[PDB]
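Peer 1: The structure follows.
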Amino acid sequence: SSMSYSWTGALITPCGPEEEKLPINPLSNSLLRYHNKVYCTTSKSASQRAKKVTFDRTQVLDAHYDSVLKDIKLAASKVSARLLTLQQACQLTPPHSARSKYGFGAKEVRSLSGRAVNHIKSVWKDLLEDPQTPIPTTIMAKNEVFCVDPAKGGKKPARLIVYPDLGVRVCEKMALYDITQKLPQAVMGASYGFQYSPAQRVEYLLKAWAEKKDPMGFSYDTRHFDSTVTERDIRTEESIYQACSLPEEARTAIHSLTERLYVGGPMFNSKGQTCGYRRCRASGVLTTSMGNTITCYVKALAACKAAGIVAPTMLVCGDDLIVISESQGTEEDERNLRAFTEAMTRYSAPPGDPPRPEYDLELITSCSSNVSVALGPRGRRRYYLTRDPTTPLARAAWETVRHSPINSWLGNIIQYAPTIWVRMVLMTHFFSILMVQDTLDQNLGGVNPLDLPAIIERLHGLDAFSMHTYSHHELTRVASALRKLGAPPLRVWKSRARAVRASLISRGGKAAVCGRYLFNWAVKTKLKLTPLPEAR
RNA sequence: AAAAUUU
RNA sequence: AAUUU
Ligand SMILES: C[C@@]1(O)[C@H](O)[C@@H](COP(=O)(O)OP(=O)(O)O)O[C@H]1n1ccc(=O)[nH]c1=O
Ligand SMILES: [Cl-]
Ligand SMILES: [Mn+2]
Ligand SMILES: [Mn+2]
Ligand SMILES: [Mn+2]
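Taken in order, the first sequence gives residues 0 to 445, 454 to 543; the numbers are from the authors' numbering.
Below you can see the structure in the form of structure tokens.
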């Protein structure tokens, strides 16, 4: 029935200019050599993306769907949710949010300039009066950095971002922000992934695993999820929103956004031409994340039911899903998973790669990450979260006139501090760089490099400084990724680390603490690391 | 472009 | 600011 998009043939033009790497990358040329492999997805590539996501959806629901949808509305209605004042919504706007066509941007919105507020007032008026005229949206290519992979095609084409004008974005928040804060957790409970921290994610998975007599796990991800979302899914989304206690004024705003924006509309490129027409999710609207998550969850819980998955414990984040169930033997597990996929496929959520039962927690990947295990200081098993370092390393080498990658180095150091690739490679590089630069004291992304030990002890536990005996999968994957980007292998990073360590120690102060906690892995005779005052 | 988590 | 979807 529904085509996902149609296209005039106008191009998807760039919003800014898309910078090139330069013949010299002075921050990362000591980190890796293969700079030719590191690229940013361009707007020229958007054409290729559009072909891959334009297709005809058909959808066939069933008693299991209906049943799951019903139960989900009974959950929804134990929720009441308020409108947000025009003003409170204005100030959830991000500081750099793309400006409005009507002569103001986010500074004005956040400061409640009166031109901005009056335009927003009229926009909300029109939402309440007119509940049908479609609302124009802008279409743009997302710029992100990867490492080329010739196995899987060369370069990925850019994903498509589709969004309404700033005025409209504020009105969405007025109508729905409060819902986004309450509905998913109410509807999905413990299954709602975003509620958890990484530590909690890991623990939730181990508890789920431990409680099965005989566990089986898998993960699922939908190919081009936003384009698989049907008009009917979006209206069913509305009807889930409506099932809460709402002010009548919200209901009209919800219903109107739904019919005017969410289910479809025309799309314009940055130069103003009509680009095409859309009848799936616009990724760029306030409801993108909540919607995806709720919709994914309905389809998934139904498909579990269609396929016989026993005692499923779920975890859902957007279109990404893990299910840990009671195995019915491998012959049955294979068959049930094929059934799961058939169902999701009927529901219009077809797999990127077909899923597969697993019986070892390390082999389940979701949101480009997985759980792994090492040994702690006293020899106890320590479970932690990690990932292929390929992309983060490529992003670590993205230097342009307009972009430094140092913040990315730090981001990953914090998020993945227990991993062997952060501890040996990124930490070593980061500290080496700043020492020589003599900018340790300086803040970056509102964090002081010299706090890191406290920060990591707070977030990952003191065990992140003493972990050893990493897994084969993890050693293999790391070695393989450093070889792939032409970076030095782990032994060299051991040498560089000893030096960085010595120089930090002999600097005294917080540096020396950094050098002793972060790099104790690097010395032959360890120290005994005690908790840190600063952390509690 | 939107959200969540981390800080 | 970082990461993720
Ligand atoms: C664009 C999205 O709606 C997207 O389709 C969905 C699932 O992401 P995915 O990583 O599995 O990609 P597919 O589209 O399924 O190929 O998460 C949203 N999403 C994802 C990435 C992003 O920057 N913004 C976004 O709103
Ligand atoms: Cl231990
Ligand atoms: Mn997907
Ligand atoms: Mn309605
Ligand atoms: Mn996904």
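In this text, a Cβ means the ideal position worked out from N, Cα and C, and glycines have one as well.
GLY153 bridges to which residues according to DSSP?
Peer 2: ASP148
Peer 1: Please look up how many angstroms separate the CB atoms of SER226 and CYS279, rounded, as I've assumed it's under 8 Å.
Peer 2: The pair is a contact, with the Cβ atoms about 5 Å apart (cut-off 8 Å).
Peer 1: Near ligand 1, which residues have their beta-carbon closer than 5 Å to a heavy atom?
Peer 2: In chain order, the residues that have a beta carbon nearer than 5 Å to some heavy atom of ligand 1 are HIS223, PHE224, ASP225, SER282, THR287, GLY317, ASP318.
Peer 1: Let me have the residue list for ligand 6: C-beta closer than 7 Å to any non-hydrogen atom, ordered along the chain.
Peer 2: Absent from the structure shown: ligand 6. Ligands present: ligand 1, ligand 2, ligand 3, ligand 4 and ligand 5.
Peer 1: First and last residue of the alpha helix (DSSP H) that includes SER510?
Peer 2: 497-512
Peer 1: When DSSP labels each residue in this structure, what does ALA373 get in the three-state scheme?
Peer 2: strand
Peer 1: Use the C-beta contact count for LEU126: other C-beta atoms within 10 angstroms, 16 or more gives buried, fewer gives exposed.
Peer 2: buried
Peer 1: Which residue comes first and which comes last in the alpha helix (DSSP H) that contains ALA75?
Peer 2: 62-75
Peer 1: Roughly how many angstroms lie between the CA atoms of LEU336 and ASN28, to the nearest whole one?
Peer 2: 46 Å
Peer 1: Closest by CA to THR292, which one among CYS303, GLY307, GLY317?
Peer 2: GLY317
Peer 1: Would you check if there are 3 or more beta carbon pairs closer than 8 Å linking the segment 248-258 to the segment 332-347?
Peer 2: By the Cβ criterion, the segment 248-258 is not in contact with the segment 332-347, since fewer than three pairs of Cβ atoms, one from each stretch, lie closer than 8 Å.
Peer 1: Ordered along the chain, which non-local residues of its own chain (more than five positions away) have a Cβ less than 6 Å from that of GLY166?
Peer 2: Result list for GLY166: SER99, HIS118, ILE119, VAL122, in chain order.
Peer 1: Can you find the residues in the same chain that come closer than 7 Å, C-beta to C-beta, to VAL309, ignoring five residues on each side of it along the sequence?
Peer 2: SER324, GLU325, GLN327
Peer 1: Starting from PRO135, follow the alpha helix (DSSP H) in both directions and report where the run begins and ends.
Peer 2: Looking at the DSSP string, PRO135 is not in any alpha helix (DSSP H), and its letter there is neither H nor E.
Peer 1: Out of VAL262, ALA45, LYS20, state which residue places its alpha-carbon closest to the alpha-carbon of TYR276.
Peer 2: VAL262
Peer 1: Pairs of beta-carbons, one from the segment 410-425 and one from the segment 383-395, closer than 8 Å: are there three or more?
Peer 2: yes
Peer 1: Compute every distance between the C-beta of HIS254 and the non-hydrogen atoms of ligand 4, then say whether any falls below 7 Å.
Peer 2: yes
Peer 1: What I want to know is whether the C-beta of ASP387 ends up closer than 7 Å to one or more non-hydrogen atoms of ligand 5.
Peer 2: no
Peer 1: Pairs of beta-carbons, one from the segment 222-236 and one from the segment 196-206, closer than 8 Å: are there three or more?
Peer 2: no
Peer 1: Identify the residues that DSSP records as bridge partners of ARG380: which are they?
Peer 2: According to DSSP, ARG380 bridges with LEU374.
Peer 1: Helix, strand or coil, according to DSSP, for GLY271 in the structure here?
Peer 2: coil
Peer 1: On a Cα-Cα basis, can you pick out the residue from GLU171, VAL52, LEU539 that is closest to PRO156?
Peer 2: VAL52
Peer 1: Counting along the chain, where does the beta strand (DSSP E) carrying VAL37 start and finish?
Peer 2: 37-39
Peer 1: Report buried or exposed for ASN442, applying the criterion of at least 16 other Cβ atoms within 10 angstroms of its Cβ.
Peer 2: exposed
Peer 1: Please go through the segment 392-434 and give each complete beta strand (DSSP E) segment of 3 or more residues, from N-terminal end onward.
Peer 2: List check, beta strand (DSSP E) in window: nothing returned.
Peer 1: Hey, would you say the C-beta of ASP332 is under 7 Å away from at least one heavy atom of ligand 5?
Peer 2: no
Peer 1: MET187 lies in the alpha helix (DSSP H); which residues open and close that run?
Peer 2: 165-187
Peer 1: Does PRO197 come out as helix, strand or coil in the three-state DSSP assignment?
Peer 2: helix
Peer 1: Quick one: residues in its chain with C-beta nearer than 7 Å to the C-beta of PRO460, no 5 flanking neighbours on either side, listed in chain order?
Peer 2: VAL520, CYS521, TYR524, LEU525, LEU539
Peer 1: As an exercise, report each continuous beta strand (DSSP E) stretch of at least 3 residues that is fully enclosed by the segment 221-301, in chain order.
Peer 2: 264-267, 273-277
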